[PDB]
Each structure stands twice: as structure tokens, then as C-alpha cells.
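One structure is given below, encoded as C-alpha cells.
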2 protein chains.
Amino acid sequence: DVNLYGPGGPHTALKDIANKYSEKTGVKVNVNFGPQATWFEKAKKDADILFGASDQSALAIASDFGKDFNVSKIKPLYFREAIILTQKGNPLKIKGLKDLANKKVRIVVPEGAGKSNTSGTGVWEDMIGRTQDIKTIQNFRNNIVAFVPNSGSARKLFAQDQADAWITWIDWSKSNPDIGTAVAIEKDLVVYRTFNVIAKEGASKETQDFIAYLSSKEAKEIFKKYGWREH
Amino acid sequence: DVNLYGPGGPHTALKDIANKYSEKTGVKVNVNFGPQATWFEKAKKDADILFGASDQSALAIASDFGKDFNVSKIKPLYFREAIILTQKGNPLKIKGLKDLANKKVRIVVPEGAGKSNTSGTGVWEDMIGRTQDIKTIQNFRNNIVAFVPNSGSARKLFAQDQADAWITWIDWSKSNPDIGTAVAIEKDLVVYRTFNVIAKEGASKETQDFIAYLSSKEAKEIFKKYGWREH
């Protein structure tokens, strides 16, 4: 049994994959996902691979495992763009990031605030900062109704219609076409973050083989289905 | 006495500003700077203002102060661009981030890893990610010889000639012109992060007065000479 731990998000692609791989290879692959705290303890007992939704978060998470893992072995495999998720039908007619700053709107972004490891940390300031206008940066920040510890928390706040816009990743929208309406971010502002994996110290051949499979022709197309790219 | 606490970096601009302000007003303004741990205990006692070197790190640090501060009051005032700091003379002829990915170089970057609050978190991946090329991202990451807790840790590693390139901020070069040679990052890739301030809850009239002064014509020009912009 090859066991994987990581955040919600990439788990959808990974489930499709471990299930196909399980079929064809007979090897059982478990994909555990969610907020770190929800799986941390089981994962300390039997984690074979930690997967991540960005580099800074995977580095944080892998570091929490002591010498069970080796953070320097983190392998970036795909990337996807950030998006704006608006409520169904985009009632406020949001056109992008600059539009969020200029309008009266409620924004949720995941920010770890140094106590939670989340793919969101640093995204919004890096995107809106590329406008190089402090006024727009200021106006955007003022529209932020909540900084949440992780993507799951943002999704929840969002589904309760307490935010008009959620700064998230394309895969989240691909994985959950029912949630909201996706709005593309200005090409000159958007950031792209990565999917990665790291095998435990002393990982089995079965593990290694599954990692190798994540780069297979068939894994690439499944990741691609969810918006994950190589180029 | 108005007491400010924050990271090294913006401290240089703030030192000049504070000096000039005391001259005019007779109000004593102390600028305490360094890694959070070196000043956290004292600040919990007398901090009037927390200043920041990015938004995510400022949100993290201000959160550590609990009920004394209300993090929604963080004020972005200026931004500056990330840079590549190469050893004096730029012996390896580095021309930007793509060049780093391609050459055999040793790069140092500040990354909090969830256990330290630093302006560097998320920076390298957001810049090199905008190449939208996984091999480039992979190649850049393979050249990173050290992920350090903060900018001061990177400065020291760099000063000991243990890194060829340090991904930092223009202000670190402006404040330390002899320390190395700054290489401009490609326009389509570079990120800009902010200087910010937050007054403690129940801040004095004089504390607020100094904050206002940070947006004065005089402060603007001092901020400008260290690379902090508006525009």
C-alpha cells in the first residue's frame, strides 16, 4: 500500500490517477487529503509520499515531518494559474483583479499568517502588486473580508455566500464546476504555482514506481484535465 | 517615545524618516529592527507600531501580537521590486532568473517554512513560475542551495560567499551598495511587495501623527532613495 498525504485540490487528479494505476498494476494507492491537521498524525505513522499545492506550503509541510522526509527532494511536476471565483452568474460583473480593487466587493484569500501551511500565502499581493500602483494595492486589500487559513476554509465561507470573490486556483474550479463562476486573471498579473511530490526517506520500489507514473503519458492528460500544465 | 518594531530592510528608510521627524517635532521615535525573535518580547511590552517588509509576513507578525493589534489595520504605503544580488562584480555574468535556471549557480532564498515570518515567502516560485515552463521551474529550484528563515540569514550566507545569488529586494542593495551587484529581474517575471505599518490598538495621538508623516512629501523622498515606490 502506497500512502499519499497532501492538501485538497490536487487530490482529485491524484484519485483519478491512483485508481487507474491500481487497476493496471494491482498496487493499491491511497490518496489522503485535507487540512494538514486532519491527516498529520496518521501520516507520521505511514506517509510514503507528501504532495503539495505550491512550493512554499510543501516546504513548510515536509519540514513538519523531521528527518522522515528530506525537504530538498521536493519535486515540482505541474503548475496552474490563479483565478477569481465569483458567485454563480458573476452578479457584480467582475472582469479581473484590477476590477476587484475598483469595485465594492468582498474577497477571501487563503493566507497562512505563519500558523497554517497553505498554497494561498503570498499570492494576492504578488498579483495585484504587479500593477505597481500602491493605490490599487490598497483598494484591493480593503476589499478583503477574510484571510482564511486554507483553501477548504475559503470554499466554505464562499459556499455560505459571505464572499463575492475567492482568489483560488483553476483546478479548484475544474474539480468543482458547480461552485461558482471562474474569471480569468490578467495575464500580466497572474501567478502560477506548482504541484509537487516528495517520497519518504527509504521509499519502496512500489512508491518510487508510482511517483514515476505521475509523469506518465496518461497521468499528464489527467492532470491536464484539471488545468495542471507543463508548458 | 514612539516605538516601532519590524524587519531589517525598511529600517534604513525609517531611521532617516524618524530622525528627520524628531528634529521637526521633538517627538522621540525609536526604530527597532531585526529577526522577529530578537525583539518580540520587548515589543509585546511597548510596541506602538509594527512595520512590515511584505503583506503576508506583516499579517503573520501582527497576528503573533494577539489582541493588542487588529490585523485589518495593516496599511500598505510603498512597494519595491525583487532583485538578484550577485557577488560584487557579478563574476558569473547573471542576467536574470532564466539565466539562473540555466547556469550552475548557488542561489539563496528566504522561505519561512511555516516556522518563521519572512518577506521572501512565495517570492521565488511566483517569479520563475511566470515562465510557465516546468523544466525551468525545476532547474531554478535545483540551483537553490539554501532555503533560509529570513533576509538576515540570507545576507550572512551570501556574505560568506556560500551563495552566488540571493533573491532579495532592491532596498537591501540600496542600503548596502558594496555588499554585491544588483541584477534586475525580467519585467514579465518580477514581483513587487510592500512596506506597511500598523498602529497598536489605543495608539497615541503622537503614534498616529508619525504614521501620517510616513506619507508626507519628506518621507516619500527618503523612501524613494532606498527604492520604495508608489508608482
Side-chain angles (χ1 to χ4, degrees), chain A residues 36 54-57 59-64 71-72 74-82 111-135 137-142 144-147 187-188 190-196 228-231, chain B residues 36 54-64 71-72 74-79 81-82 111-138 140-142 144-145 147 187-196 228-231:
Chain A
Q36 177 174 0
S54 74
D55 203 285
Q56 53 82 26
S57 56
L59 186 62
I61 291 167
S63 301
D64 291 351
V71 292
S72 60
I74 283 166
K75 312 286 173 181
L77 296 177
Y78 303 94
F79 67 84
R80 81 309 202 186
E81 80 275 8
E111 276 285 338
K115 292 187 187 77
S116 177
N117 302 323
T118 170
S119 60
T121 305
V123 170
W124 81 260
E125 75 190 277
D126 278 352
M127 295 191 303
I128 201 71
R130 272 184 58 81
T131 64
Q132 304 175 48
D133 191 67
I134 199 61
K135 199 155 291 168
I137 304 176
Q138 293 170 343
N139 293 342
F140 191 101
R141 198 188 202 290
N142 283 153
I144 300 176
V145 294
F147 292 98
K187 291 296 195 34
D188 49 305
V190 64
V191 304
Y192 310 78
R193 293 192 173 185
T194 51
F195 167 80
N196 51 59
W228 302 89
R229 289 148 50 194
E230 293 181 300
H231 47 95
Chain B
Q36 181 179 357
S54 77
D55 201 280
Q56 52 86 30
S57 63
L59 172 70
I61 287 165
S63 299
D64 291 346
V71 298
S72 74
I74 288 160
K75 311 291 173 168
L77 290 177
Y78 306 90
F79 63 85
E81 81 274 4
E111 278 287 339
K115 296 163 173 171
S116 167
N117 304 317
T118 174
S119 63
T121 307
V123 164
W124 81 261
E125 75 188 280
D126 280 357
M127 301 198 294
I128 202 72
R130 278 184 53 87
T131 65
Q132 314 173 49
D133 184 69
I134 199 65
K135 282 162 189 165
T136 299
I137 299 171
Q138 280 162 346
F140 189 97
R141 195 193 203 286
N142 279 150
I144 303 172
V145 292
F147 302 84
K187 284 309 189 47
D188 55 316
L189 307 176
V190 74
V191 296
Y192 309 80
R193 290 193 177 183
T194 51
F195 167 81
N196 52 50
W228 307 86
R229 291 154 54 196
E230 283 194 315
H231 54 101

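Just so it is clear: chains get the letters A, B, ... in the order the sequence lines come, proteins before strands, and each one is counted from 1. Reckoned from all heavy atoms, side chains included, excluding hydrogens, waters and symmetry mates.
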As an exercise: rank [options] by heavy-atom pairs under 4.5 Å with chain B and give me the winner.
{"options": "A:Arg130, A:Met127, A:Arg193", "answer": "A:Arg130"}
{"options": "A:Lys187, A:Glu125, A:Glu230, A:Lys135", "answer": "A:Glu125"}
{"options": "A:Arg141, A:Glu81, A:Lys75, A:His231", "answer": "A:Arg141"}

Checking heavy atoms, do the side chain of [X], its backbone, both or neither come under 4.5 Å from chain B?
{"X": "A:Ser54", "answer": "both"}
{"X": "A:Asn117", "answer": "side chain"}
{"X": "A:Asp64", "answer": "both"}
{"X": "A:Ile61", "answer": "neither"}

[X], part contacting chain A, at a heavy-atom distance under 4.5 Å:
{"X": "B:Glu111", "answer": "side chain"}
{"X": "B:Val190", "answer": "both"}
{"X": "B:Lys115", "answer": "side chain"}

Spacing of [atom1] belonging to [X] relative to [atom2] belonging to [Y], to within rounding of 0.5 Å:
{"X": "B:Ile128", "Y": "B:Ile134", "atom1": "CD1", "atom2": "CD1", "answer": "11.0 Å"}
{"X": "A:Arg229", "Y": "B:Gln132", "atom1": "CZ", "atom2": "CD", "answer": "5.0 Å"}
{"X": "A:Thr121", "Y": "B:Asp55", "atom1": "OG1", "atom2": "CG", "answer": "11.0 Å"}
{"X": "B:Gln138", "Y": "A:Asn196", "atom1": "CD", "atom2": "CG", "answer": "11.0 Å"}

Q: Taking all heavy atoms of A:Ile137 and all of B:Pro76, pick out the closest pair and write down the distance.
A: CG2-CB, 4.5 Å
Q.
So which atom in A:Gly114 and which in B:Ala60 form the shortest heavy-atom distance, rounded to 0.1 Å?
A.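 Scanning both residues, the minimum pair turns out to be N-CB, 3.8 Å.
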Looking at [options], which makes the most heavy-atom pairs under 4.5 Å with chain A?
{"options": "B:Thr131, B:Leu77, B:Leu59, B:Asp126", "value": "B:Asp126"}
{"options": "B:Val191, B:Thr194, B:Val71", "value": "B:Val191"}
{"options": "B:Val123, B:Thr136, B:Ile74", "value": "B:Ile74"}

Q) Would you say A:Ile144 and A:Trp124 make side-chain contact, with heavy atoms under 4.5 Å? A)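 Touching, per the 4.5 Å side-chain cut-off.
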Q. Is there a donor-acceptor pair under 3.5 Å between the side chain of A:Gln36 and the backbone N or O of A:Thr118?
A.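 No, the answer is negative, given that no donor and acceptor are paired below the 3.5 Å cut-off.
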Q.
Can you tell me which residue among A:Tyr78, A:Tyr192, A:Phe79, A:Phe195 is in a ring-ring contact (aromatic ring centres under 6.0 Å, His included) with A:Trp228?
A. A:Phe195
